[PDB]
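**Student:** here we go, the starting part of the complex in its complex frame:
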Amino acid sequence: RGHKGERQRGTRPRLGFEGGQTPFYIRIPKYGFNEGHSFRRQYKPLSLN
Amino acid sequence: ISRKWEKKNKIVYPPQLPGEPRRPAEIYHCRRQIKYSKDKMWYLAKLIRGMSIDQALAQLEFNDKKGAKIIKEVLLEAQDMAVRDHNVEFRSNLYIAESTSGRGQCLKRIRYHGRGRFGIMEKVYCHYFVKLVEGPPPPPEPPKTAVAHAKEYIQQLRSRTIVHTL
Amino acid sequence: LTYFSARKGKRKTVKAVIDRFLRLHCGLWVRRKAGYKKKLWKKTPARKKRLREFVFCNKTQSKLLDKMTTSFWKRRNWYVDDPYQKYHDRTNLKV
Amino acid sequence: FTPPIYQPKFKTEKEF
């Protein structure tokens, strides 16, 4: 478990935390990549092969 | 707890052949749970180790320690049982081969101290053991004389070998 | 994140990741460049063009996003006219 | 100040 510190104490920060620096997964702007994904229609492909 | 000392009187040896030295008698006696520190009892035990029964009784009769009276009673009981049951011909022909003091079962009490604190008093009890062997007391180990002691030195010199070689 | 939800005992998804990143089924994560909508009046055309692009993520960043999102977001989606359908798979990749 | 602590009494009022 290492020597002292949060990692040995078992209390290191949450995943995605960067020690107080604005995390990577939050400094990227929000974009509608997955907007309405649950409402987009999906069709299984059926190749002629 | 252990009570082997009492059993030690119940060992029966096989009959001795006529051409065999007479086996000296041996009597194991003890008193259990004496209200006396085993450390204090040990001094009396050591005092009477190796002495004749009569000499030990005389020494204990004029000793101021409380354990002296208890040891005298134990020795008198040992003498009585030795004569009655262990076929010891003469009362005085007995010497204390072994005499030791053993720790007994003790009780814990509280001693109140000054500031609401306390200590654990121990109501100390001790056992006392004696073996009486028939026959005159063994002679005291004579101090080694210069002759024998230089003999030992010369033997040590002769025992030397050429170490760490063929 | 929540490694075990209190109601289902399942692993939860950091919806902040879903709101920001697109996962190609191959394993690549796509993102917009930070500041692509900020103070464009003081940015050169080359800088604006660089910012307006869709950019892949590092190996470690992709691993972080995969940990932060659950398996539902890592499935095959046969959407009707997905602009990223071609990009969902890798071709001629050697190691 | 810290108050003194008393142990349980049975430990000391045990008897044969």
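**Tutor:** Noted; the coordinates are in hand. Residues are numbered from 1 along each chain as shown, chains lettered A, B, ... in the order given.

**Student:** what sits against the residue nearest the centre of chain A?
**Tutor:** Taking CA atoms, centre = their mean, the centroid of chain A lies closest to residue A:25, which sits 6.8 Å from it. Residue A:25 makes contacts with A:16, C:14, C:16, C:17, C:20, C:21, C:64, C:65, C:68, as judged by CB atoms under 8 Å, 6 or more residues apart in numbering or on different chains. From N, CA and C alone the C-beta is placed, and that goes for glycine too.

**Student:** please report which of these has the highest neighbour count.
**Tutor:** Greatest neighbour count in those, by other CB atoms under 10 Å in any protein chain shown, goes to residue C:21: 25 neighbours.

**Student:** returning to what we had before: Three-state assignment for the residue nearest to the centre of chain A, please.
**Tutor:** Secondary structure, DSSP: H, G, I helix; E, B strand; the rest coil: residue A:25 is helix.

**Student:** please apply the same query to residue B:57.
**Tutor:** Reduced to three states by three-state DSSP, residue B:57 is helix.

**Student:** surely it meets residue B:75?
**Tutor:** Yes. With contact defined as CB atoms under 8 Å, residue B:57 and residue B:75 form a contacting pair (5.9 Å).

**Student:** sequence for chain E below, add it please:
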Amino acid sequence: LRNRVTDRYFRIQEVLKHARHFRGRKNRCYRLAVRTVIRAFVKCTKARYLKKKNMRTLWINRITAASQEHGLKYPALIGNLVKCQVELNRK
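**Tutor:** Now chain E, sitting on the chains shown earlier:
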């Protein structure tokens, strides 16, 4: 107490048997015996170098004694034997 150790007696004895000849509580108390037993074994291991070192020193001293009894000095004796191709060692 699903699983309890039952061999601790023998685990202790394995160490205490090596400490039975020590002094003081080191031969009875395991907490103390184990430390000394480890030190005893480490010394035993490191002493194989010193045994060889002292044997050569002892041999050199004895050879010097004899060569002085014959009026020679150990360096002269050893060097001249080597030059004579007498490959006798110090032991």
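
**Student:** in three-state terms, label whichever residue of chain E sits closest to chain C for me.
**Tutor:** Here chain E gets closest to chain C at one residue, residue E:2, 26.0 Å apart by CB to the nearest CB. On the three-state scheme (three-state DSSP), residue E:2 is labelled coil.

**Student:** from residue B:60, how far off is it?
**Tutor:** As for residue E:2, its distance to residue B:60 is 59 Å (criterion: CB to CB, to the nearest Å).

**Student:** cool, and residue B:17?
**Tutor:** With distances taken as CB to CB, residue B:17 is found 39 Å from residue B:60.

**Student:** looking at those two, which one has more neighbours?
**Tutor:** residue B:60 (23 against 6).

**Student:** so which helix or strand takes in that one?
**Tutor:** Taking DSSP states H and E as the criterion, residue B:60 maps to helix B:53-61.

**Student:** distance from the chain centre to the top helix by length along chain E, please.
**Tutor:** In chain E, assigned by DSSP state H, the helix with the most residues is helix E:30-69. Offset of helix E:30-69 from its chain centre (CA atoms, centre = their mean, to the nearest Å): 4 Å.

**Student:** one more chain, chain F:
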Amino acid sequence: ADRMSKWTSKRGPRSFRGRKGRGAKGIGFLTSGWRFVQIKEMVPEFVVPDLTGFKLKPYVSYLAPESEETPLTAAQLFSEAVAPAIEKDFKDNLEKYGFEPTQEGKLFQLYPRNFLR
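**Tutor:** Just below you will find chain F, in place on the chains above:
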């Protein structure tokens, strides 16, 4: 500080000790000046019978035959006390046979019981 020992009249201060009793049933009341007025009717009167000529004894000879216990029941008592009269009068208003509509008016009311033992 003694919570376990029973609470008696020997424990509290003078007022407590005076007030609490030992279960002895009261005999009267207290008037002005703490003068106790004893009511004669409140004193239980021991109705001791004349034992002269009585043949029974505290013990019974072991020679007596053994019998089967048959605890008395309301039905058995009715059969043994009322049934004969009822039959004799029917073959030929229940107060005639013994029944009383209400215990009120009786010195020894059966319920609520108003007599000792």
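
**Student:** once more on the contacts of residue A:25, with chain F this time?
**Tutor:** With contacts taken as CB under 8 Å, 6+ apart, residue A:25 has the following neighbours: A:16, C:14, C:16, C:17, C:20, C:21, C:64, C:65, C:68.

**Student:** go again with 10 Å.
**Tutor:** A:15-16, A:18, C:14, C:16-17, C:19-21, C:29, C:31, C:57, C:61, C:64-65, C:68 (CB atoms under 10 Å, 6 or more residues apart in numbering or on different chains).

**Student:** and residue B:109, that's in a strand?
**Tutor:** Yes. Counting by three-state DSSP, residue B:109 is part of a strand.

**Student:** and the gap between it and chain D?
**Tutor:** For residue B:109, the distance to chain D (CB to the nearest CB, to the nearest Å) stands at 5 Å.

**Student:** look at the residue in chain D that chain A sits nearest to and give its secondary structure.
**Tutor:** Of all residues in chain D, residue D:2 sits closest to chain A, at 29.2 Å by CB to the nearest CB. Applying three-state DSSP to residue D:2 yields a three-state assignment of coil.

**Student:** neighbours around it, how many?
**Tutor:** Neighbour count of residue D:2, defined by other CB under 10 Å: 4.

**Student:** sorry, back to before: do the longest helix of chain E and chain B meet?
**Tutor:** Yes. Contact of helix E:30-69 with chain B (CB under 10 Å from any CB of the partner chain) involves E:51, E:54, E:55, E:58, E:59, E:62.
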